[PDB]
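Naming: A, B, ... by sequence-line order, numbering from 1 per chain. First listed ligand is number 1; within each ligand, the first listed atom is number 1. Side-chain atoms are counted along with the backbone in the values below, which use heavy atoms only and exclude waters and symmetry mates.
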Amino acid sequence: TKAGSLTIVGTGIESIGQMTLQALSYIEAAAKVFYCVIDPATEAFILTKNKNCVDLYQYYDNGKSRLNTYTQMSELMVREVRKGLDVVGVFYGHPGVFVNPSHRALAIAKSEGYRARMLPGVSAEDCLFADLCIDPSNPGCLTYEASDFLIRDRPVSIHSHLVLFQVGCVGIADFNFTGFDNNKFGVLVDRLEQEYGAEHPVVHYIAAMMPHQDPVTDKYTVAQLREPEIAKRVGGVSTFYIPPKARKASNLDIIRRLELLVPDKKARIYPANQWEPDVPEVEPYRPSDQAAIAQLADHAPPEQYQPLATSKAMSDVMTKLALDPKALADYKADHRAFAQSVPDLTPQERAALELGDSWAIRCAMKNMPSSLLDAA
Amino acid sequence: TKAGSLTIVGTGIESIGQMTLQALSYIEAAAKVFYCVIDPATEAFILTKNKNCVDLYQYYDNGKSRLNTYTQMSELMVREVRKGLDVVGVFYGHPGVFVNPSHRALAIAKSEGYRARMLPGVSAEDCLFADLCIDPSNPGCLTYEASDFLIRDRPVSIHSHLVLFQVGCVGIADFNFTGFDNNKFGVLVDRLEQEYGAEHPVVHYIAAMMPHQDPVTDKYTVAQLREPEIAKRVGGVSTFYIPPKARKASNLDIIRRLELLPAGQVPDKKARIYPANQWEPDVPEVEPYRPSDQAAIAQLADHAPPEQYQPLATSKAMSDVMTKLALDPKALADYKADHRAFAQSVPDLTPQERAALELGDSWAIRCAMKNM
Ligand SMILES: C[S@@+](CC[C@H](N)C(=O)[O-])C[C@H]1O[C@@H](n2cnc3c(N)ncnc32)[C@H](O)[C@@H]1O
Ligand SMILES: C[S@@+](CC[C@H](N)C(=O)[O-])C[C@H]1O[C@@H](n2cnc3c(N)ncnc32)[C@H](O)[C@@H]1O
Ligand SMILES: N[C@@H](CCO)C(=O)O
């Protein structure tokens with residue numbers, strides 16, 4: 001039961017708006033905050049929400065290895081944990097997606113016997129899916145760091161989505177405040193041409209940082225990436241999306257074993273991927289679609305559909321547990337004592353909260369029968 | 001321009017807390033809200049924020065194809081757009097990650113000339129990285145839908161992370177209110193055994209849905225997945241993580257072209273980055289404080305900010321308006337329509353700040369907020 005803890009949170013990519021409610025609540029409650037963001041409005045916002053913040057960005061330098069910077073960032077955080085304080089680290093995007101020092105600091109804290117947790121956030125890949133209008137499900141997604149992709153000769157799959165981070169710093173171990181001199185970029189272009197061909201599309205993607213900005217979603221051929229004026233547009237916040245070159249055929253034995261039967265591989269569900277070369281759009285309103293739409297006119301909810309049927313007192317406390325870290329800590333320490341303290345709950349509601357199981361909370365908030373809960 | 005718009009937003013996975021500030025503000029501002037979420041506290045919260053909501057979940061049914069439900073969900077949203085309304089759709093997690101009807105509705109709205117946008121959210125994969133303590137960077141990540149993975153015989157990489165969604169409904173095209181009868185699950189287990197071997201680990205992952213819950217992070221062998229009591233635990237909110245078998249060797253041409261090692265020295269001999277992946281079988285222990293780490297820590301005592309580091313140096317008025325543009329959708333729409341007229345209306349801005357806002361470029365905003 002050591003005093004001291006480390007919680008690392010994200011801010012998302014687009015200024016302020018892409019932070020989660022829980023990231024904000026933990027920042028506000030912290031004894032000490034350490035942050036690494038690249039948007040001045042987000043920095044200003046953080047400084048209005050906690051009185052004891054330190055900017056980690058000052059530990060980068062011209063010609064200084066990023067690994068040295070990361071060791072320093074982690075040590076600054078853990079030093080405050082060792083003094084018995086509740087410390088929060090903040091990184092832009094998702095704090096564990098292409099971020100070294102967060103994973104390091106949490107592992108050191110855990111090894112010394114302190115509580116340590118990462119809260120997820122909205123990454124640049126999350127933004128890419130939203131802005132390019134693609135789903136990782138169709139037809140699968142491979143995600144790599146650009147230098148690692150080359151050095152370990154990581155496998156390509158020409159039938160799935162490909163996403164490459166850190167294309168602006170190929171083979172570069174250090175930092176510069178004015179930007180990278182990305183003079184090994186041509187090595188990446190050679191690999192892409194060898195796998196996909198000279199005329200295959202590469203989408204240069206930069207998510208908007210400020211709320212009024214449009215994203216950069218510029219299509220180039222692989223061969224165009226050798227032109228000096230195009231290559232120089234690729235910087236420190238650039239990600240590449242490379243769409244599929246072909247569609248993979250279905251396995252007939254698997255279709256038999258799953259029992260689904262010939263399958264046309266070039267037969268798409270609406271909408272088609274706009275970035276695939278020479279792929280026409282599909283029909284949105286086939287006869288099967290029109291039949292489903294006609295059924296709306298006299299639709300009734302199924303008998304097994306259970307509408308929400310809660311109270312203000314119950315919704316208030318469930319919201320409080322999600323938005324007030326201190327209330328959550330009190331509940332976790334003593335479910336029974338906490339449940340007895342909440343004003344205006346019914347006997348059914350109070351018993352369900354003491355248990356805290358999914359089945360019990362659902363019975364209470366949807367007015368479903370339960371012999372135990374109705375006996376309260 | 002044409003009246004009517006569609007904005008689709010997410011709620012994250014863990015109840016209420018994983019919703020973004022902008023998802024909340026767009027829900028509040030909407031003329032009508034359509035939602036599909038799978039816990040009651042999140043549903044109750046949404047209903048406190050807008051008086052005009054419809055639950056899309058009522059359009060599922062026992063034995064009804066999910067494709068028919070998806071067509072209906074998308075049509076209810078687009079019908080309201082065609083009436084000239086600003087409509088918001090809401091899906092749990094990230095609204096475009098393993099979600100069919102959002103992409104469909106947005107594509108139809110855009111093709112008919114209406115404004116259409118998706119706002120990203122926190123997905124189950126984002127939660128998985130945070131709870132299992134892994135980074136997609138190290139050593140790469142492949143992500144698939146479980147049935148698609150099987151039907152198209154999609155490749156694995158034994159040297160990278162593998163993440164499989166929808167492992168609880170293999171080959172199933174319909175819906176049931178009481179849950180799926182996942183009787184083709186053995187076909188997935190056979191494929192995993194062929195690619196990885198019977199004793200390789202598979203992590204059964206379920207992110208906590210309520211704020212007091214712990215995640216499920218249960219490691220099993222591929223062979224253990226054939227045991228009835230274990231297979232029964234895999235349901236509609238289950239995801240699988242399969243760690244690498246081993247570390248992959250480096251390409252020698254690439255080491256030379258990137259100038260990463262002098263000739264005559266043996267490659268792939270540096271220790272792994274700390275910390276090691278705790279799920280990878282036979283992973284060696286990595287030490288946190290090597291000589292290079294201890295030297296960096298010694299330098300902290302007399303560290304000064306570099307000359308090129310630019311401290312924030314802004315004002316209440318400028319910070320307030322940039323926050324407003326992020327948190328008030330109406331204010332953002334006004335600003336976008338006429339930058340000059342909006343910037344003239346803002347109270348207490350300096351002439352430098354007012355001009356910077358009127359331009360709106362990143363270089364201009366940064367100049368104003370760091371006093372350069
Ligand atoms: C050090 S990593 C940090 C990523 C971050 N934690 C996240 O969640 O996306 C930096 C890389 O993230 C990607 N990135 C950062 N900001 C971006 C943006 N606005 N648009 C596209 N990619 C971005 C680029 O690939 C960049 O080289
Ligand atoms: C229809 S999809 C929707 C995914 C959602 N949009 C997201 O952003 O994660 C359903 C699948 O998501 C995954 N999933 C949903 N909730 C989850 C949870 N609490 N933990 C782990 N995986 C989950 C499972 O693989 C499930 O079969
Ligand atoms: N990962 C590096 C470079 C990203 O381009 C950083 O720490 O910013």
*asked:* Within the 3.5 Å criterion, strictly below it, is a donor on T178(B) or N176(B) matched to an acceptor on the partner's side chain?
replied: no

*Pick from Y144(A), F240(A), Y241(A), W275(A): which one makes a ring pair (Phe, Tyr, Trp, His ring centres under 6.0 Å) with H161(A)?*
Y241(A)

*Out of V237(A), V163(A), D135(B), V167(A), whose heavy atom sits nearest atom 18 (C) of ligand 1?*
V237(A)

*Would you indicate which of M73(A), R66(A), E145(A) comes nearest to atom 2 (C) of ligand 3 when only heavy atoms are counted?*
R66(A)

*Where on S238(B) is there a heavy atom closer than 4.0 Å to ligand 2, on the side chain, on the backbone, on both, or on neither?*
backbone

*Can you label the angle between the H94(B) ring and the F129(A) ring as parallel, tilted or perpendicular, going by 30° and 60°?*
perpendicular

*What are the atoms of ligand 3, with element, lying closer than 4.0 Å to any heavy atom of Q166(A)?*
1 (N), 4 (C)

*Which atoms of ligand 1 have any heavy atom of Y205(A) under 4.0 Å away?*
21 (C)

*Would you say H94(B) and ligand 2 have an N/O pair spaced under 3.5 Å apart?*
yes

*Which one holds for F91(B) and ligand 2: side chain close, backbone close, both close, or neither close, with close meaning a heavy atom under 4.0 Å?*
neither

*Between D135(A) and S137(A), do the side chains contain an N or O donor and an N or O acceptor separated by less than 3.5 Å?*
yes

*Which atoms of ligand 1 have any heavy atom of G236(A) under 4.0 Å away?*
26 (C), 27 (O)

_Atoms in ligand 1 with a heavy atom of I206(A) nearer than 4.0 Å_ = 20 (N), 21 (C)

*Proximal ligand 1 atoms for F98(A), defined as those under 4.0 Å from one of its heavy atoms*: 1 (C), 2 (S), 3 (C)

*Write down the atom of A105(A), the atom of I8(A), and the distance for their closest heavy-atom approach.*
CB-CD1, 4.4 Å

*Hey, does the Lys NZ or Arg CZ of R191(A) hover above the aromatic six-ring of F149(A), less than 6.0 Å from the centre and inside 45° of the axis?*
yes

_Validation row: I27(B), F45(B) side chains within 4.5 angstrom (heavy atoms)_ = no

_Numbering as shown, the atoms of ligand 1 that approach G93(A) to under 4.0 Å (heavy-atom distance)_ = 8 (O)

*How far is atom 10 (C) of ligand 2 from its nearest protein heavy atom, and which residue and atom is that?*
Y92(B) OH, 3.5 Å

*Protein contact of atom 7 (C) of ligand 1 - nearest heavy atom, named by residue and atom, plus distance*: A124(A) N, 3.7 Å

*Compare all side-chain heavy atoms of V122(B) with those of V122(A) and state whether any distance is below 4.5 angstrom.*
yes

*Check whether the side chains of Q299(B) and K64(A) place a donor and an acceptor atom closer than 3.5 Å, and report yes or no.*
no

*Taking only heavy atoms of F165(B), which atoms of ligand 2 are found under 4.0 Å from at least one of them?*
9 (O), 11 (C), 12 (O), 13 (C), 25 (O)

*So, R366(B) and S362(B): side-chain donor and acceptor under 3.5 Å apart, yes or no?*
no

*What atoms in ligand 3 come closer than 4.0 Å to a heavy atom of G236(A)?*
5 (O)

*Please determine if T239(B) has a nitrogen or oxygen closer than 3.5 Å to a nitrogen or oxygen of ligand 2.*
yes

*Given side chains that start at C-beta, do those of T11(A) and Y35(A) come closer than 4.5 Å, heavy atoms only?*
no

*4.0 Å heavy-atom contact, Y70(A) with ligand 3*: yes

*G168(A) to ligand 3, any heavy atom closer than 4.0 Å*: no

_Heavy atom to atom 4 (C) of ligand 1, shortest distance: which of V122(A), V234(A), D126(A), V97(A) holds it?_
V97(A)

*Using heavy atoms and a threshold below 4.0 Å, how should the contact between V99(A) and ligand 1 be classified: side chain, backbone, both, or neither?*
side chain

_How about CD1 on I269(A), more than 12 heavy atoms from neighbouring residues, nucleotides or ligands closer than 6.0 Å, or not?_
no

*If you measure from each heavy atom of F175(A) to ligand 3, is any distance below 4.0 Å?*
no

*Within a distance under 4.0 Å of any heavy atom of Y60(A), pick out the atoms of ligand 3 and give their elements.*
6 (C), 7 (O), 8 (O)

*Consider every N or O of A207(B) and every N or O of ligand 2, then say whether any pair is closer than 3.5 Å.*
yes

*Non-hydrogen side-chain atoms of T42(B) and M209(B) separated by less than 4.5 Å*: no

*Residues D55(A), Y309(B); criterion side chain to side chain donor-acceptor pair (under 3.5 Å); working and verdict*: CA-CA 11 Å; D55(A) 187 5; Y309(B) 171 78; 2.6 Å; yes

*Which one holds for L128(B) and ligand 2: side chain close, backbone close, both close, or neither close, with close meaning a heavy atom under 4.0 Å?*
neither

*Just how far is it from atom CZ of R233(A) to atom OG of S238(A), taken to the nearest 0.5 Å?*
11.5 Å

*Numbering the atoms of ligand 1 from 1, which are under 4.0 Å from a heavy atom of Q166(A)?*
1 (C), 2 (S), 10 (C), 11 (C), 25 (O), 27 (O)

